[PDB]
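Listed next as structure tokens is one chain, alone, in the form deposited in one PDB entry.
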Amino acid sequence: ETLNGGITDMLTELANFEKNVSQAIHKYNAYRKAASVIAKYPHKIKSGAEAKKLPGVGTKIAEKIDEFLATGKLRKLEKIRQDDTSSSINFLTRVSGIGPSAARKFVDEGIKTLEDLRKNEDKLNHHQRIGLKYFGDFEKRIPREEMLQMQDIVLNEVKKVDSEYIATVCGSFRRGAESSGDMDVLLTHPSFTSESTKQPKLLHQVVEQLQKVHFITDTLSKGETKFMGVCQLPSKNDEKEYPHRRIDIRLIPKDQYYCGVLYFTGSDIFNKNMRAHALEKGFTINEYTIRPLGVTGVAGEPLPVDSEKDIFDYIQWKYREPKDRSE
């Protein structure tokens, strides 16, 4: 956690680089389990060899270890850090809609800068066009103060659309957080559940309304169960216009709402920990259900969940407010 710090961090630097700049899924994968392992180790790695005794740690990495311990640095890390091509890929990759693959191509063609990006809006798809358009707003955190005004608006129209609609802003916001990255609304309807052959309009009606009133301003992707766009709160009686924010609204089979809701509310740890508990308690929890475990090794049979509670109860735990779902 701090004892193998630099070690794992160097390791991750390297991993990550193999994956984006180079198209070496393997090495990238190598660097990572080793990083993963030296990370667990209970004592201060004092050399290549010591580390070497580890699984995943071979000669190659052990080697990097010494040089890193030896001189507090790594040549390869210095070179890469310098390396313009890779620098570029690392950066282009920041535009929503651009991945490593595309990052490579752009550079290939010689598109290294945001402006390069601009002079060539054409080579870019919609997603990317939008991502470039709000590069600034996308990079900014969402102040909770605003999260409250967004949540406010969203829930209104929702209800005004159909009243039988259930929405929940999930995520960190849900759990207290002063700021959030993007806004995540979990949606459901009674009319939609596990079987009942859908009702796409369900998601559809909603976006339409939000756009209608001018909250959704763009669409990155809109499908039958997961909408992905851009919103913005109404630049007041002017002077202060608001930033463009990322919004994600997803339809849920009413019969899996809370599991989902449970899930997206995180945190990654609480989740795990919670998930880990249901296991002993004779269960299983996944993004949508909670199944009673059977002795044959496994078993199924989706228990009825009506609120975050039921879930709790099932595993016979203390209902935890979102606020304290921290771990």
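Residue numbers here begin at 1 and follow the sequence given. In this text, the rigid core denotes the largest set of C-alpha atoms whose superposition between the two forms falls within 1.5 Å.
After superposing on the rigid core, the larger RMS C-alpha deviation in 7 other deposited structures of this protein belongs to 115-123, the other candidate being whichever of 208-216 and 115-123 remains. Stretch comparison, 257-265 versus 66-74: after rigid core superposition, larger RMS CA deviation in 7 other deposited structures of this protein is found for 66-74. Among the other PDB entries of this protein that were compared and that flank it with modelled residues, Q199 is left unmodelled in a third or more. Mean CA B-factor, 192-200 versus 139-147: the higher value falls on 192-200. Relative to one another, 74-82 and 222-230 have unequal mean CA B-factors, and 74-82 is the one with the higher figure. Reading the B-factor column for the CA atoms of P55, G300, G48, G260 in the entry, the top value corresponds to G300. Considering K64, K33, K272, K27 together, the PDB entry gives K272 the largest C-alpha B factor. Per the deposited record, the Cα B-factor of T12 falls in the lowest third when ranked against the other modelled residues of its chain. Per the PDB record, residue ranking by Cα B-factor puts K160 in the highest third of the chain. Compared with the other modelled residues of the chain, the Cα B-factor recorded for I166 ranks in the middle third. Sort the chain's modelled residues by C-alpha temperature factor and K236 lands in the highest third, per the entry.
Annotation for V154: C-alpha temperature factor in the lowest third relative to the rest of the modelled chain, per the entry.
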